[PDB]
**Q** 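The structure that follows is given in the form of structure tokens.
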There are 2 protein chains.
Amino acid sequence: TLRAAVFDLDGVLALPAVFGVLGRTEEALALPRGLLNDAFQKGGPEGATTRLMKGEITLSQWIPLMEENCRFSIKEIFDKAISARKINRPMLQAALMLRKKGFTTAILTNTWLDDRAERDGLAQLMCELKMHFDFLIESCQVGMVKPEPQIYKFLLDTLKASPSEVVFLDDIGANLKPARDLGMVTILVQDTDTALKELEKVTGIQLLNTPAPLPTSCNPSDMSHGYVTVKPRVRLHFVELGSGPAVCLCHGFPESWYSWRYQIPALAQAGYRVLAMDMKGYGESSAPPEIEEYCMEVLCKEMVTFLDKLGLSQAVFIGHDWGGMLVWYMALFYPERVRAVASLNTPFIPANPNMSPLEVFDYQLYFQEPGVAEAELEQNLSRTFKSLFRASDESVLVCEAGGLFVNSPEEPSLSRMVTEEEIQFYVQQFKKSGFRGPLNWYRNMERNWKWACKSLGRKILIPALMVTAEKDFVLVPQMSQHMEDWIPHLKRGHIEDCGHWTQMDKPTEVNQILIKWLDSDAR
Amino acid sequence: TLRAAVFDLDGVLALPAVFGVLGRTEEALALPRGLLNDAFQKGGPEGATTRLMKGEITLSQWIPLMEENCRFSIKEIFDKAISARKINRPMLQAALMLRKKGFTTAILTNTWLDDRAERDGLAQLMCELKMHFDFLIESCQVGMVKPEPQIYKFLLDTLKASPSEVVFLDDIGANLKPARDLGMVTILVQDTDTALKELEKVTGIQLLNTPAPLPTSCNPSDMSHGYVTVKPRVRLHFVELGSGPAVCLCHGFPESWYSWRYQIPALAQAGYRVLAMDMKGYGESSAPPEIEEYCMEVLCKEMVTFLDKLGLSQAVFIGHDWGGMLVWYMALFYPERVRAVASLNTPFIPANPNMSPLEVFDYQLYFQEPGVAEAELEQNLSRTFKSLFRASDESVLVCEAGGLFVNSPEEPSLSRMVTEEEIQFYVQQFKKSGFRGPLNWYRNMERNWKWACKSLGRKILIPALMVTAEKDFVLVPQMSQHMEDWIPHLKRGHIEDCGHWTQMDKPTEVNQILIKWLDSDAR
Ligand SMILES: Cc1ccc(Nc2cc(C)c3c(O)cccc3n2)cc1F
Ligand SMILES: Cc1ccc(Nc2cc(C)c3c(O)cccc3n2)cc1F
């Protein structure tokens with residue numbers, strides 16, 4: 001039985017093949033057939049290309065030697081061919097499905113050491129692909145090349161498997177040949193669909209016509225964890241991924257940086273430097289007990305200090321729920337520090353200066369009395385998160401009846417939005433500080449209103465996005481209707497059949513909405 | 001006696017004053033004298049400008065109201081005026097000198113909430129200035145304005161000082177008036193030199209004609225600390241500051257991320273995202289005991305994984321000593337991941353394939369035997385660092401005589417390059433893992449040579465800088481003479497009267513050299 005799948009890069013995981021550009025250049029320039037392909041393979045295992053593929057020489061050293069075997073521009077031809085080569089999405093998807101089902105996956109490729117001025121494009125491609133596989137074996141790093149028999153024995157050694165346990169996929173029959181002679185299952189890849197039919201048939205796993213997959217998530221132990229002391233007793237923790245303009249993600253109640261797990265790899269891949277916060281009172285961030293430590297004024301001031309200490313003059317701020325509330329106040333009180341602002345679910349409603357704030361919000365009154373909601377929420381963490389984190393149809397949820405979970409099961413079923421593993425991550429995070437810090441975010445209504453009244457004559461004029469979730473019953477889309485009065489250039493997004501837990505309910509659409517808005521309005 | 005100094009921003013810490021552009025526009029457009037200055041102050045404490053300065057309205061909301069009081073472009077005039085306004089360097093220098101001598105320093109300014117498309121320029125200015133002061137009091141954040149008496153009582157309250165203990169500096173006599181009526185020492189700032197003469201006279205501290213100050217350093221507790229697991233038993237720690245292209249700083253033996261303390265704020269201010277590493281075996285990074293864990297191949301592989309996990313397709317790599325050696329091998333084996341490479345002191349010398357590496361390097365033989373050098377180096381950490389970290393003339397330093405510190409004092413004097421506090425930072429870092437991990441970097445000579453021989457046919461063709469230190473007797477400038485044979489486009493820098501500890505010996509020149517090279521060759 002098969003337990004490992006091995007894929008080539010050029011012509012298998014990445015298309016169009018760089019090999020196929022030599023033939024196209026010949027046809028475009030009306031040169032003799034196979035002229036450029038011949039110059040490329042000139043000298044066989046003794047030639048310039050074999051030296052390049054073994055890592056003896058770099059791509060820039062090879063360009064003049066290739067120009068020789070040819071005797072326009074080889075650099076220009078290869079630059080265009082490398083730029084045009086993109087990830088073969090259905091092939092990646094099939095590799096992803098096999099790994100998910102327990103297969104050890106690997107990429108085995110004949111490649112070079114790229115020192116071209118434009119090497120970054122390829123570096124980015126390899127980075128995106130590699131994260132999805134157990135191993136990446138590059139000819140130029142191992143000083144071995146396909147079809148030499150040693151690279152295959154090296155592949156089996158790294159895989160810790162016998163040939164009969166390995167499916168090997170390649171677009172070059174000659175490179176496929178030694179794997180077969182060893183006893184491996186082999187697929188000659190010409191067109192993707194037929195290759196996948198062959199793969200599906202031999203593995204007994206459905207790979208073709210499969211349902212739309214969820215975006216890539218985060219493994220906590222694989223992330224870069226950052227820590228910033230904003231004041232003597234206050235430290236802020238964040239997860240960081242990517243390069244480009246800074247995008248600060250702000251979760252709600254009772255959440256985590258992990259609530260953005262589906263957005264982090266997507267936003268970093270779209271060209272942003274993502275900073276996913278543990279908001280004050282949560283996870284690895286500090287959780288002081290005092291109520292006043294959680295008023296909007298102090299939270300926003302600490303987020304400014306967080307930027308100060310990291311050396312960031314600005315960040316784009318994206319918030320959900322209480323994070324969405326924070327983000328509107330960052331835009332109103334610190335516009336110089338906010339590149340752009342986006343809120344998921346939380347509308348921006350100016351404070352009524354002629355009315356106190358306490359005058360679907362029975363939840364907020366139950367949360368007022370210190371200790372009451374903490375007692376109920378901390379009693380059984382697994383139950384708390386399983387009851388809370390549910391889609392619109394999964395509804396398991398007043399104050400009065402004396403509690404949030406009065407007519408709720410002791411052992412709720414697992415929502416379709418989460419796995420048992422993901423629930424347990426939240427359980428482990430909440431074991432450190434409990435619910436006091438998180439609940440204090442609701443305990444500053446009067447302070448928050450007083451502070452908000454100072455902004456009543458202002459408008460939000462920096463780039464802004466409001467994202468509504470059709471089926472959020474706490475933060476209803478209708479509550480955002482008058483926002484344009486205060487944010488005239490406000491851009492919008494809307495997600496149908498989406499509950500309160502936007503990021504995990506509808507991750508694909510959240511990502512589509514944010515990336516499109518970031519690229520048009522945030523740089 | 002004075003213990004606090006308060007500075008205005010416009011016309012004091014930043015020049016030319018934004019107020020002085022109204023008069024220049026009037027003269028350029030041949031408009032009636034004081035026309036634009038009059039429209040600006042129209043309505044007094046009831047006017048549009050007072051509302052803007054109190055934070056009732058944002059700059060973008062104020063532009064149309066100002067256009068009104070005027071009845072070209074107000075936005076255009078202010079955009080140019082804000083862009084032109086730069087930090088008043090000698091004034092900042094004097095504020096820096098007073099704080100160093102125990103003064104509580106603060107900025108008190110009449111400013112606005114900037115929501116302009118180009119607000120970043122000012123956000124960057126405020127960030128650079130603020131880090132150097134105890135307090136920043138902005139009119140738009142406190143809803144109070146100079147010359148109203150409450151802002152002055154608020155300033156005294158934040159300062160926790162009585163008026164007679166405060167020197168207050170302002171370019172507007174009317175704004176200076178209430179501080180004087182309270183009993184504060186006041187300086188009307190017209191020209192900088194005269195203002196500083198007045199400041200020097202009243203404080204009794206030399207501020208004018210003072211020696212060239214060292215670049216801004218790092219306070220460890222004020223930095224963002226990052227942590228990346230590169231493999232099960234290996235975690236890498238780094239300090240991170242700034243935005244822009246990633247610049248990875250790699251220290252030598254027996255050093256720390258803190259060895260780059262003078263480069264971190266300078267490089268971040270020049271527009272780079274600095275990642276200052278604790279190299280494997282050092283500080284908060286993991287220190288496994290095994291020798292093989294420290295061969296160049298594994299170290300370079302882990303640095304690639306560090307980039308993978310942070311989502312960085314490339315970084316510019318800058319190394320000193322053993323970090324300089326690592327950085328040349330990153331360029332040779334991973335060019336796709338290296339934006340540009342720079343080495344301080346460490347030359348690039350290709351391996352001799354016909355000769356073993358063991359055949360000024362008596363230090364390296366003494367370091368070979370596990371436990372010997374650890375015993376001597378760990379015996380007294382304060383003595384180890386005080387003896388090592390010295391300028392070219394301070395020389396307190398064979399193997400034979402049986403030791404590194406044979407004819408060295410038990411209590412060495414403090415080098416001019418370091419403070420007692422800085423030595424103690426290194427002492428505290430080294431208390432965690434000792435010298436085993438650091439010394440293992442010298443214990444892979446044969447493995448490193450074997451790995452290096454695979455690169456003998458390659459050239460370094462990506463952007464590269466070699467920086468030589470005249471008085472480094474281990475890594476002598478003459479050892480770098482043939483480097484061009486392998487790095488043809490190699491750029492150079494040279495530092496005279498500089499010992500082995502380049503960064504702390506000559507910080508100003510290191511920064512000048514790196515920034516100039518980064519801006520021309522690294523983006
Ligand atoms: C159970 C529950 C209730 C409310 C919220 N979210 C919010 C968010 C904001 C922003 C609120 C708010 O601003 C006022 C009152 C209640 C609020 N509830 C989240 C929950 F998990
Ligand atoms: C005491 C001492 C000796 C040498 C070095 N630096 C180096 C750096 C490299 C890079 C070396 C090397 O490559 C071979 C042998 C010795 C080396 N010494 C640093 C010290 F603090």
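Quick note: numbers below take in every heavy atom, side chains included, and nothing from hydrogens, waters or symmetry partners. Numbers restart at 1 for each chain; the letters A, B, ... are given by sequence-line order, proteins then strands.
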**Q** Just jot down the side-chain contact (heavy atoms from CB on, under 4.5 Å) partners of B/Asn354, sequence neighbours excluded, or say none.
**A**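 In terms of side-chain contact (heavy atoms from CB on, under 4.5 Å), with neighbours along the sequence ignored, B/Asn354 is linked to B/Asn352.
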
**Q** Testing the basics here: between A/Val6 and A/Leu159, what is the closest heavy-atom pair and its distance to 0.1 Å?
**A**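 It is CG2-CD1, 3.7 Å.
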
**Q** Of the non-hydrogen atoms in B/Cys250 and B/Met303, which two are nearest, and what is the gap between them?
**A**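 So the minimum-distance heavy-atom pair works out to SG-CE, 4.5 Å.
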
**Q** Using 4.0 Å as the upper bound for N to carboxylate O, is an ion pair formed by B/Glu290 and B/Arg233?
**A**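 Looking at B/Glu290 together with B/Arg233, the answer is no, because their closest N to O distance does not fall below 4.0 Å.
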
**Q** Just say parallel, tilted or perpendicular for the rings of B/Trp451 and B/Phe333, cut-offs at 30° and 60°.
**A**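 Answer is parallel, since the angle falls under 30°.
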
**Q** Looking at A/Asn88 and A/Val12, would you say the former's side chain and the latter's main chain have a donor-acceptor pair under 3.5 Å?
**A**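 Confirmed, A/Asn88 side chain pairs with A/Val12 backbone.
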
**Q** Ring centres of B/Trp322 and B/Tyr294 under 6.0 Å apart?
**A**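 No, too far apart.
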
**Q** Are B/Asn444 and B/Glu292 linked by a side-chain donor-acceptor pair shorter than 3.5 Å?
**A**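 No donor-acceptor contact under 3.5 Å links the two side chains.
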
**Q** From the options B/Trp441, B/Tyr442, B/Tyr282, select the one residue that forms a ring-ring contact (aromatic ring centres under 6.0 Å, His included) with B/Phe253.
**A**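 Answer after filtering B/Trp441, B/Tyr442, B/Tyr282: B/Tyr442.
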
**Q** Centre-to-centre under 6.0 Å for B/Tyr334 and B/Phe317, is that the case here?
**A**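 When the ring centroids of B/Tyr334 and B/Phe317 are compared, they turn out to be at least 6.0 Å apart.
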
**Q** Measuring from atom CH2 of A/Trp112 to atom CD of B/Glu336, what distance do you get when rounded to the nearest 0.5 angstrom?
**A**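 Here the interatomic distance stands at 11.5 Å.
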
**Q** Would you mind listing every side-chain hydrogen bond (donor to acceptor under 3.5 Å, both in side chains) that reaches into residues 118-128 of chain A, with sequence neighbours excluded?
**A**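 Qualifying pairs: A/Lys75-A/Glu118, A/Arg89-A/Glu128, A/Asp120-A/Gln124, A/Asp120-B/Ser313, A/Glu128-A/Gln269.
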
**Q** Is it the case that A/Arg180 places NZ or CZ above or below the six-membered ring of A/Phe168, under 6.0 angstrom from the centre and within 45 degrees of the axis?
**A**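 Verdict for A/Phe168: no cation-pi partner in A/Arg180.
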
**Q** When you look at CD of A/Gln190, are more than 12 heavy atoms from neighbouring residues, nucleotides or ligands closer to it than 6.0 Å?
**A**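 At most 12 heavy atoms, drawn from other residues, nucleotides or ligands, come within 6.0 Å of this atom.
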
**Q** Between B/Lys459 and A/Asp115, does at least one N-O distance fall below 4.0 Å, as a salt bridge requires?
**A**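 Result for this pair is no, no salt bridge flagged.
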
**Q** Atom CD1 in A/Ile264, atom OH in A/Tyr258: separation rounded to 0.5 Å?
**A**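 Going from the CD1 atom of A/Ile264 to the OH atom of A/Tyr258 covers 9.5 Å.
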
